[PDB]
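S.K.:
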Amino acid sequence: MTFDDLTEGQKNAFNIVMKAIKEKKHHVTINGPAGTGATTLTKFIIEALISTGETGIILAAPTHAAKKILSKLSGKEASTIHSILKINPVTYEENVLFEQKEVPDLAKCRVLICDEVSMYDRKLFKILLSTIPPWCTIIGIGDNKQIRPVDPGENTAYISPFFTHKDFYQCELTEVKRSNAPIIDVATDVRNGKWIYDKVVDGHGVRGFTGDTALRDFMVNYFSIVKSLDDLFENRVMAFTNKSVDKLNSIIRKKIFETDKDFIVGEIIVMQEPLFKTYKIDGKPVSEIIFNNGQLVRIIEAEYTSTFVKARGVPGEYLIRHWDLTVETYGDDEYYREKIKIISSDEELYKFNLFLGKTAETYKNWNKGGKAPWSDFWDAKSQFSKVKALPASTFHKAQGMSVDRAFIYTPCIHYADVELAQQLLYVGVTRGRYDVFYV
DNA sequence: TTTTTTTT
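Residues 1095 to 1533, numbered by the working numbering, are exactly what the first sequence covers, in order.
#1: So what's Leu-1484 in DSSP terms, helix, strand or just coil?
#2: Need the endpoints of the alpha helix (DSSP H) that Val-1521 sits in, please.
#3: Skipping 5 residues on each side, what residues in its chain have a beta carbon closer than 8 Å to that of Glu-1432?
#4: Suppose you measure from the CA of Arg-1527 to the CA of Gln-1366; what does that come to, to the nearest Å?
#5: Ignore the nearest five residues each way along the sequence and tell me which others in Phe-1256's own chain have a CB closer than 7 Å to its CB.
#6: On the three-state DSSP scale, how would you describe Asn-1329?
#7: Is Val-1184 closer than 9 Å to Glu-1193 when the C-beta atoms are compared?
#8: Tell me, which residues are paired with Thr-1420 by DSSP?
#9: Have a look at the DSSP bridge pairing and note the partners of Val-1197.
#10: Could you give the C-beta distance for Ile-1502 and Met-1332, rounded to a whole number, given that I count them as a contact under 8 Å?
#11: Out of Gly-1464, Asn-1461, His-1176, which has the shortest C-alpha to C-alpha gap to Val-1197?
#12: Output the distance between the C-alpha atoms of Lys-1195 and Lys-1180, rounded to the nearest integer angstrom.
#13: Give the single residue among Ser-1254, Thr-1231, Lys-1239, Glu-1188 whose Cα lies nearest to the Cα of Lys-1217.
#14: Check the C-beta distance from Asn-1387 over to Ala-1486 and give it rounded, since I have them as a contact under 8 Å.
#15: So for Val-1211, helix, strand or coil by DSSP?
#16: Helix, strand or coil: which one does DSSP assign to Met-1095?
#17: In angstroms with no decimal places, state the Cα-to-Cα distance between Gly-1131 and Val-1339.
#18: Between which two residues does the alpha helix (DSSP H) holding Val-1284 run?
#19: Which partner residues of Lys-1293 appear in the DSSP bridge assignment?
#20: Take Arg-1330 as the anchor and find which of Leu-1484, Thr-1268, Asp-1426, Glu-1187 has the nearest alpha-carbon.
#21: Examine the Cβ distances between the stretch 1131-1149 and the stretch 1100-1108 and report whether three or more of them are shorter than 8 Å.
#22: Considering only residues of the stretch 1341-1381, which uninterrupted beta strand (DSSP E) runs meet the minimum length of 3 residues and lie entirely inside it, listed in chain order?
#23: Go through its chain and collect everything with a Cβ distance to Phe-1108's Cβ below 8 Å, but skip five positions before and after it.
#24: So, helix, strand or coil for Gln-1493, using DSSP?
#25: Provide the residue span of the beta strand (DSSP E) that contains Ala-1466, from first to last.
#26: Run the CB neighbour count on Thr-1524, radius 10 Å, all protein chains shown included, and call it buried at 16 or more, exposed below.
#27: Nearest-angstrom Cα distance between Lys-1166 and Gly-1150?
#28: Where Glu-1187 and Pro-1379 are concerned, what is the direct C-alpha to C-alpha distance, given to the nearest angstrom?
#29: Using DSSP with H/G/I as helix, E/B as strand and the rest coil, what is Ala-1132?
#30: Please tell me whether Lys-1480 and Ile-1414 are closer than 9 Å, where the distance is taken between their beta carbons.
#31: If you pair each beta-carbon of the stretch 1387-1399 with each one of the stretch 1355-1365, do three or more pairs fall below 8 Å?
#32: Would you list the residues sitting across from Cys-1265 in a DSSP beta bridge?
#33: Roughly how many whole angstroms lie between the Cα atoms of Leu-1267 and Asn-1238?
#34: Where does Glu-1397 land, buried or exposed, given buried means 16+ other C-beta within 10 angstroms?
#35: Tell me which residue opens and which closes the beta strand (DSSP E) that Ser-1479 is part of.
#36: Just confirm the distance between the C-beta atoms of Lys-1293 and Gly-1299, as a whole number of angstroms; I'd bet it's less than 8 Å.
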């Protein structure tokens, strides 16, 4: 923006950066915490880097929604590191895994910028390190105090290697201009180990609910602020577990739209996984991305019907009652109108997984002659998608999403060990621009 | 007990 006029932390981070690029082998990760103004720095690292005449820049982001908002902030285009490292899903019998098909050329990139580096697990990181050549220098940026990478397969503290591995020289971003920042304060105390508390200035700030009536108060304060508003777009209620998140959208939806219904026309919902459209040509399929994971979409035609799923190589048909839901892109992204099959019954889903495992068993060992008709496995499985209602999300899924008012639900947070639960509250708190509430 | 990403 000012070119160089910035915080000492920024001014320095920049100077370190350029010399890591200007000399050979070395790397960098900047730790912006919240309030330290990490984004504007990142913006400046880019604009400046292009005007020095550097051709070799690429912007890599850990996720799709992350890549969207990265590409939007710089104005230059950016893809996922998976796209770059060329990490391609490879199908095995009943499973799927993401491994690196082949190492990309990467002679046209002398500077590799990563965003949200606090999401990198090790399996991904190693591929990364083994890929980038010496003529390239990785500059990561993220928050060591954000929610640590999810790696259920391995037990250990385990923050992203950007903040550990020897090859990276990491500098910290210094605190910014002191203004009235009730939320930034609390969040900076949470980063430092205090639990959430109340600080209110001017009438806006972090406010909790305690005593015998806690949830009733907290909820009655929600439905007053949200009311029948079908715009929750700026009000996000968060929780650790999905069990709680699910309980919430239930209660919340039932009051705002007065119904008992799983889906309602004109409601906005969020894709939990990508939606793929696949055409077969000359027998060999191709697929385009209709909806990225995290895309919000609007319900237009919503009807509850059944389906008879089958698989060649399995006896009979099975009746799976699901929703036929036609849905369009809601947002600043590409507009598609489509229809997905979506199962809500725990009763019905179970019935399906039953089938899903039977055909698996029979293809896993098949001598009928031939090899195995796996095409009828996934074609049949991909028939159904995953979604969640807009109002509430898990702390994990809310990273990077900034809303006017954030509503935080503590009770299930204790299922997380201290280190993480602090990362959760940190993430949770920093989501609200204006107000933050917690029970 | 609990959280979850990713491709032409």
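Backbone N, C-alpha and C fix where the C-beta goes; we use that ideal spot for every residue, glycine too.
M.R.: Let me lay it out:
#1: Residue state, collapsed to three classes: coil.
#2: First-last of the alpha helix (DSSP H) with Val-1521: 1512-1525.
#3: So the qualifying residues of the chain are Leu-1369, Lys-1371, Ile-1384, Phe-1385, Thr-1420, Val-1421, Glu-1422.
#4: Computed Cα separation, rounded: 25 Å.
#5: The answer, listed in chain order, is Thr-1123, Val-1211, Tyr-1214, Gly-1234, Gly-1236, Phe-1262.
#6: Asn-1329: strand per DSSP, three-state reduction.
#7: Yes; because the gap between Cβ atoms is below 9 Å, this pair is in contact.
#8: Answer by DSSP bridge pairing, in chain order: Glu-1395, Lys-1433.
#9: Answer by DSSP bridge pairing: none, since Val-1197 is not bridged.
#10: The Cβ separation is near 6 Å, so the contact holds.
#11: Ranking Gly-1464, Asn-1461, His-1176 by Cα distance to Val-1197 puts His-1176 first.
#12: Roughly 7 Å between the two C-alpha positions.
#13: When only C-alpha atoms are compared, the closest one is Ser-1254.
#14: In fact, because the Cβ distance is near 18 Å, the residues do not count as touching under 8 Å.
#15: Assigned with DSSP and collapsed to three states, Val-1211 falls in helix.
#16: Note: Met-1095 maps to coil in three-state DSSP.
#17: Going from the Cα of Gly-1131 to the Cα of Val-1339 covers about 30 Å.
#18: Taken as a continuous stretch (DSSP letters only), the alpha helix (DSSP H) holding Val-1284 covers 1276-1285.
#19: In DSSP, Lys-1293 forms a bridge with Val-1300.
#20: Distance check between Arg-1330 and each of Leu-1484, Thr-1268, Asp-1426, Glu-1187 places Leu-1484 closest, using alpha-carbon atoms only.
#21: Under the Cβ criterion (8 Å, minimum of three pairs), the stretch 1131-1149 counts as touching the stretch 1100-1108.
#22: Counting whole runs of 3 or more residues, the stretch 1341-1381 contains the beta strand (DSSP E) stretches 1362-1365, 1369-1375.
#23: Only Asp-1098, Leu-1100, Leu-1135, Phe-1138, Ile-1139, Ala-1142 meet the Cβ criterion.
#24: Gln-1493 falls in the coil class under three-state DSSP.
#25: First-last for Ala-1466: undefined, no H or E at that position.
#26: By the Cβ neighbour-count rule, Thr-1524 is buried, with 16 or more other Cβ atoms within 10 Å of its own.
#27: Rounded to whole angstroms, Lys-1166 to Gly-1150 spans 19 Å at the Cα level.
#28: Those two C-alpha atoms are separated by around 18 Å.
#29: It is helical.
#30: Taking 9 Å as the Cβ cut-off, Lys-1480 and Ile-1414 do not qualify as a contacting pair.
#31: Yes: at least three Cβ pairs fall under 8 Å.
#32: Answer is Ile-1124.
#33: Rounded to whole angstroms, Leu-1267 to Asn-1238 spans 12 Å at the Cα level.
#34: Residue burial is scored here from C-beta neighbours: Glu-1397 has fewer than 16 other C-beta atoms within 10 angstroms and is therefore classed as exposed.
#35: Per DSSP, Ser-1479 is not a residue of any beta strand (DSSP E), being assigned neither H nor E.
#36: Going by Cβ atoms, the distance from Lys-1293 to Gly-1299 rounds to 5 Å, so yes, they are a contact pair.
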